[PDB]
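Inside the fold
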Amino acid sequence: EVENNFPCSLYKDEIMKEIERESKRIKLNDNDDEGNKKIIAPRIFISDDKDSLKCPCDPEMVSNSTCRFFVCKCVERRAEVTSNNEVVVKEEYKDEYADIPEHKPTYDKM
């Protein structure tokens, strides 16, 4: 017997899904402590290619030529965390130095 839907990329080479069992991955349990590294995939594949998209987020359908590829589409470009809006240019003072500036008093700093 032969399945009608033949996975093109899955038959071409290994899958970037880095999965041991099925085509899913380890559930987002976080806590389970079942030994060391438990890896059980409970879901089957849906795309003939999972490496081309390079992102398993959102299942878009790209037919290309004849295969059904579920490509990433949950990211517009790149979700980067903002860490600079209108920060005033300044210089971070040096904590200490590997030298002796002067005599100094007692335990200062704080």
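Analysis parameters
Residues numbered from 1 in each chain as written, not as in the entry; some residues may be left out. Heavy atoms only, no water. Helix = DSSP H or I, 4+ residues; strand = E, 2+ residues; numbered from the N terminus. Rg over C-alpha atoms; globule rule 2.2 N^0.38 Å. Buried < 20%, exposed > 50% of the residue type's maximum accessible area, 1.4 Å probe, protein only. Areas by Shrake-Rupley, 256 points an atom, 1.4 Å probe, with all protein chains shown as cover. Core = buried A, V, L, I, M, F, W, Y, C linked by side-chain atoms within 4.5 Å. Contact = heavy atoms within 4.5 Å. Disulfide = S-S within 2.5 Å. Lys, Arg positive; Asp, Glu negative; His and termini not counted. Salt bridge = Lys/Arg side-chain N within 4 Å of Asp/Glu carboxyl O. Polar contact = N/O pair within 3.5 Å; in protein donor to acceptor, adjacent residues only side chain to side chain.

Determination of this PDB entry was carried out by solution NMR, according to the record.

Per the PDB entry, the protein carries the name APICAL MEMBRANE ANTIGEN 1 and comes from Plasmodium falciparum. As deposited in the PDB, this entry carries the title "SOLUTION STRUCTURE OF PLASMODIUM FALCIPARUM APICAL MEMBRANE ANTIGEN 1 (RESIDUES 436-545)".

Before going further, it helps to examine the overall build of the protein. Check the secondary structure of the protein and you find 1 helix and 2 strands. Going residue by residue from the N terminus, the α and β elements of the protein occur as α-β-β. What you see for the protein is a C-alpha radius of gyration of 26 Å, clearly larger than the 13 Å of a compact globule of 110 residues, by over 25%. When its C-alpha atoms are laid out on the principal axes, the protein stretches across 90 × 40 × 25 Å. Here the protein holds 110 residues, and the buried ones make up 15% of them. Carbon together with sulfur atoms contributes 50% to the accessible area of the protein, which is approximately 11,200 Å² in total.

Okay, the nonpolar core next. Formed by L53, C55, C57, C67, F69, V71 and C72, the largest nonpolar core amounts to 7 residues. In this view, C67 contacts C8, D48 and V62; residues no more than four positions away in its chain are not counted.

This next bit is on the state of the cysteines. Each disulfide consists of a covalent bond between the sulfur atoms of two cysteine residues. Counted according to the given criterion, the structure contains 3 disulfides. Each disulfide in the protein links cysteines that, numbered along the sequence, combine into the pattern 1-4, 2-5, 3-6.

Let us look at the side chain of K17. Its place among the elements puts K17 in the loop between α1 (8-12) and β1 (60-62). Apart from residues lying up to four places away in sequence, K17 is in contact with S23, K24 and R25.

Right, let's get into the side chain of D49. Following the sequence through the fold, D49 ends up in the loop between α1 and β1. Comment: no salt bridge for buried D49; closest opposite-charge side chain is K12, at 4.4 Å. For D49, the side chain forms a polar contact with the side chain of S9, separated by 2.6 Å. If we skip the residues at most four places from it in the chain, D49 touches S9, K12, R68, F69 and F70.

This part takes up the pattern of salt bridges. Taken as a whole, this structure holds 8 salt bridges when the rule is applied. In this structure, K54 engages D51 in a salt bridge whose closest nitrogen and oxygen atoms are separated by 2.7 Å. Looking at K54, the relative accessible area reads 51%, which means it is exposed. Judged by its relative accessible area of 23%, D51 falls in the partly exposed class. The salt bridge involving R78 is made with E80; its shortest N-O contact spans 2.7 Å. For the residue pair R78 and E80, the accessibility class agrees, reading exposed in each case. Each of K17, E18 and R25 takes part in one network of salt bridges that share partners.

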